[PDB]
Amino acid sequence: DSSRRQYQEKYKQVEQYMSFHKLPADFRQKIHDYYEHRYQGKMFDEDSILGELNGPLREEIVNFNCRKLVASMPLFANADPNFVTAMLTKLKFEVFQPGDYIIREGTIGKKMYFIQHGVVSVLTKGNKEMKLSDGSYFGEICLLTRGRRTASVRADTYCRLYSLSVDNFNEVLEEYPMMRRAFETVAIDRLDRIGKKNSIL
C-alpha cells in the first residue's frame, strides 16, 4: 500500500521532470526500465527506517539480505563474520543497464563493486578482455593503489551490484588489516594476466 504508492508517486515526479526537460522517448523508456529494475514497484526511506533501529538489528538485517552474496563469494564466505558485517553495513545497492560504463580506464576511482547478479566485461586499450559475474568483485585495484583505473568495466546484462566507497573500504581494512592482503593477492593475479605489474602490491 504505502510503499507501492510511494513508488507510483515518485515515478510520476520523474516523468514530470523528464517531460519538463523534454527528454526523448527512447531515454524515457530506459529510465522507466531502470526504475522497475531498481525499485521493483516499492519505495522506502531506508535511511530513516534503519536509523529507527539499533546496531544489532541493522546488522542482523544486512546479514540476512546478503546471505547469497556472502555465501557465493569466497572472500566473504571464509572471512571473519565481523569483518563481513562491517563491510555489509557500508554497501550501497546499485543497478546498471546493458552497455553502461560502470568504470572508465584512466579515471580516478572512488569505489569498488560486488556483483550480486549480472555479467560485466573488463576492457583495456590493449584488447586483453575478461568477464566477471555473480560472486566476483571489481574496481578494487585503484582503491589499493590510489592510482588510476587499470581498465574499463562495462555492463553486459542488467547488473545488480553493491558498491563500497574508498573511505569505507579504508575504514574497514584499518580494523581488519589481514583482509587487505587477500584483495592484493587477487589484484596482483589480475594485473599479471594483462601485462601490468605494480611495485605497490
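Numbers follow the displayed sequence, beginning with 1.
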query	finding
No coordinates for residue 125 in a third or more of the other PDB entries	yes
Mean C-alpha B-factor comparison - 170 to 178 and 59 to 67, higher one	170 to 178
Comparing 40 to 48 with 155 to 163, the one whose average Cα B-factor in the PDB entry is higher	40 to 48
Member of 85, 116, 97, 124 with the greatest C-alpha B factor (per the PDB record)	124
Within-chain third of residue 54 by Cα B-factor, per the entry	lowest
Residue 89 by Cα B-factor - lowest, middle or highest third of the modelled chain	lowest
Entry-reported Cα temperature factor of residue 193, expressed as the chain third it lands in	highest
Residue 79 - Cα temperature factor, lowest/middle/highest third of chain	middle
Third of the chain, ranked by Cα B-factor, where residue 147 sits	highest
